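The next block holds one structure in the form of structure tokens; read it before the comments.
Letters A, B, ... mirror the listed sequences (proteins, then strands); counts begin at 1.
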There are 2 protein chains.
Amino acid sequence: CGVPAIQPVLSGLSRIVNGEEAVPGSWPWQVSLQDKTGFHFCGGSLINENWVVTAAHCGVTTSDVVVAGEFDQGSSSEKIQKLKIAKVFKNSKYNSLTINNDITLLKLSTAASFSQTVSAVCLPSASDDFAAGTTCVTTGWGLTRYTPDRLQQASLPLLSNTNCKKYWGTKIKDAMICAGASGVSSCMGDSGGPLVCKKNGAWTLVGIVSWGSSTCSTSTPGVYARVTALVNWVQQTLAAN
Amino acid sequence: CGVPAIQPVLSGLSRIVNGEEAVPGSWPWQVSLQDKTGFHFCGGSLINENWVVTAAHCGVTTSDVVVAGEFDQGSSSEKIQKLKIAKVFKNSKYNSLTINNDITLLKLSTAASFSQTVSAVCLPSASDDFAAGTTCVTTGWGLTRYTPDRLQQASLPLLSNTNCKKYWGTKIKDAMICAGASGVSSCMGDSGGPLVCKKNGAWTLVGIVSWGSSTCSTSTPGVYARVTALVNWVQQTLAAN
């Protein structure tokens with residue numbers, strides 16, 4: 001997990017404004033969640049061939065579809081996999097008002113076929129420490145909510161929850177982690193999309209997009225579900241299902 | 001339906017700032033949606049003894065609870081009914097990105113016991129015309145997201161969708177209706193709460209709270225699921241279940 005067959009290329013432009021375009025296929029866990037009609041409404045991350053992790057506030061149902069291996073949403077020519085969802089597992093501690101514990105697992109009806117462009121992100125262990133100031137990466141097609149149709153990426157630093165509260169106040173709970181406010185927007189992250197940090201040569205899922213600045217401010221950090229606080233629930237869910 | 005045993009009293013103060021406190025029990029279809037722990041996160045409306053209608057973006061589950069007959073959330077002394085949810089029916093056309101078709105039905109495990117303070121709002125027919133400029137009423141505990149603990153009410157006019165787009169642009173779809181921008185906030189409406197209009201002596205559910213001004217501006221209208229566009233789905237769901 002966490003080792004893309006096509007290595008990402010992150011330049012200085014990933015750190016400013018709205019980030020930059022990713023190398024095609026270099027974020028191979030990145031999936032698109034689409035409705036029956038093919039409308040993209042959220043992101044997610046493959047954690048193995050049968051399971052995708054996304055945000056609970058995406059409200060995914062078994063009539064939505066996971067699309068893996070995508071780079072250009074405007075293309076009908078690239079190799080993609082449209083994967084049916086068998087069952088949706090929303091974390092029972094999710095609260096649609098506070099948006100805390102904002103995580104949902106999707107079990108696919110049939111396994112994805114992993115490849116150079118389709119593979120899994122690593123999960124952290126509950127006890128991993130991702131220190132404030134660590135540079136991490138968010139990817140997605142979130143800029144299409146407001147514009148490039150190809151997958152974007154931005155590099156941005158984790159904040160301490162204390163410093164995040166200077167921006168978002170009592171909205172920030174222990175099961176959340178913030179990143180950004182460093183001169184780049186977080187808006188390229190789709191709801192439910194990944195925030196990944198590289199430790200020991202492997203990209204690890206540290207956050208899941210919950211919400212960000214309503215104006216995509218370069219000085220307001222994004223807010224993410226804190227995966228270390230939720231990975232025990234993830235592993236219990238996989239083991240029981 | 002739509003005829004409260006305790007008649008509402010709406011004064012001029014319902015039309016300005018943040019509205020006014022309701023007469024206790026005078027909005028008897030108004031329910032509170034709470035999690036297992038008793039935390040209020042959304043509103044809804046009883047449409048009979050077995051069914052509550054709310055917003056799809058509330059993400060209600062069968063472990064949440066419907067609380068009927070409530071006036072003061074800070075009181076443990078008033079007669080309320082805590083009702084378990086048997087099954088949740090989210091409209092399959094709901095889209096968590098656009099927030100269109102934002103309606104969910106809750107079927108209760110055991111019927112509410114209707115009374116002077118607990119009874120049903122009327123549903124419109126699909127073909128009813130609620131003209132722009134009609135004065136309607138939104139009720140709820142939505143101000144507690146930011147403060148009074150008792151049920152509030154505000155009187156505010158429906159907008160045409162064309163005029164609503166002057167505020168919210170392409171966010172406004174045919175299955176939405178807007179109200180407000182007349183000198184009063186819409187923020188007293190909980191997510192999923194009622195927007196009711198009085199025709200022929202009966203209060204009718206015209207809207208369900210979808211979203212409003214992030215700053216509770218008195219000059220920005222609230223956005224509601226348009227019940228006339230969704231009532232056929234409501235009646236099909238009741239008939240099939």
Side-chain angles (χ1 to χ4, degrees), chain A residues 32-44 54-65 73 88-104 140-147 168-171 173 187 189-193 209-215 220, chain B residues 32-44 54-65 73 88-104 140-147 168-171 173 187 189-193 209-215 220:
Chain A
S32 160
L33 306 186
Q34 295 168 16
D35 73 5
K36 247 37 180 305
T37 87
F39 178 79
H40 168 90
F41 65 92
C42 266
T54 188
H57 80 264
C58 289
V60 177
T61 77
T62 60
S63 88
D64 298 313
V65 163
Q73 313 227 281
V88 180
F89 296 87
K90 182 158 72 172
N91 191 310
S92 70
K93 297 172 71 184
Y94 168 69
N95 182 311
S96 62
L97 181 48
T98 73
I99 319 187
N100 199 26
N101 308 301
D102 188 21
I103 189 167
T104 279
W141 298 274
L143 293 176
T144 69
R145 302 169 290 181
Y146 313 89
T147 243
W168 293 111
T170 58
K171 296 178 179 279
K173 313 293 186 200
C187 280
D190 308 279
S191 279
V209 170
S210 282
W211 79 85
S213 168
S214 61
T215 63
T220 300
Chain B
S32 160
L33 306 186
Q34 295 168 16
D35 73 5
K36 247 37 180 305
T37 87
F39 178 79
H40 168 90
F41 65 92
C42 266
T54 188
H57 80 264
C58 289
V60 177
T61 77
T62 60
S63 88
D64 298 313
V65 163
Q73 313 227 281
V88 180
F89 296 87
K90 182 158 72 172
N91 191 310
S92 70
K93 297 172 71 184
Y94 168 69
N95 182 311
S96 62
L97 181 48
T98 73
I99 319 187
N100 199 26
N101 308 301
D102 188 21
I103 189 167
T104 279
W141 298 274
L143 293 176
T144 69
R145 302 169 290 181
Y146 313 89
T147 243
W168 293 111
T170 58
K171 296 178 179 279
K173 313 293 186 200
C187 280
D190 308 279
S191 279
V209 170
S210 282
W211 79 85
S213 168
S214 61
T215 63
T220 300

Least distance between heavy atoms, B/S96 atom then A/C58 atom | OG-O, 2.6 Å
B/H40 and A/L97: which non-hydrogen atoms are nearest, and at how many Å?
-> O-CD2, 3.7 Å
Dump the intermediate steps for side chain to side chain contact (heavy atoms under 4.5 Å, CB included) on B/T98 and A/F41, then the final yes or no.
-> CA-CA 8 Å; B/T98 73; A/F41 65 92; over 6 Å; no
Got A/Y94 and B/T61 here, is their nearest side-chain heavy-atom distance under 4.5 Å?
-> no
Region of A/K90 in contact with chain B, defined by heavy-atom distances below 4.5 Å | side chain
Max heavy-atom pairs within cutoff under 4.5 Å with chain A, candidates B/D190, B/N95, B/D35, goes to B/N95
Sort A/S191 into side chain, backbone, both or neither according to what part of it lies under 4.5 angstrom from a heavy atom of chain B.
-> neither
What part of A/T37 is in contact with chain B, defined as an atom under 4.5 angstrom from a non-hydrogen atom: side chain, backbone, both or neither?
-> neither
Contacts of B/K173 meeting side chain to side chain contact (heavy atoms under 4.5 Å, CB included) (sequence neighbours excluded), chain-then-number -> B/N100, B/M176
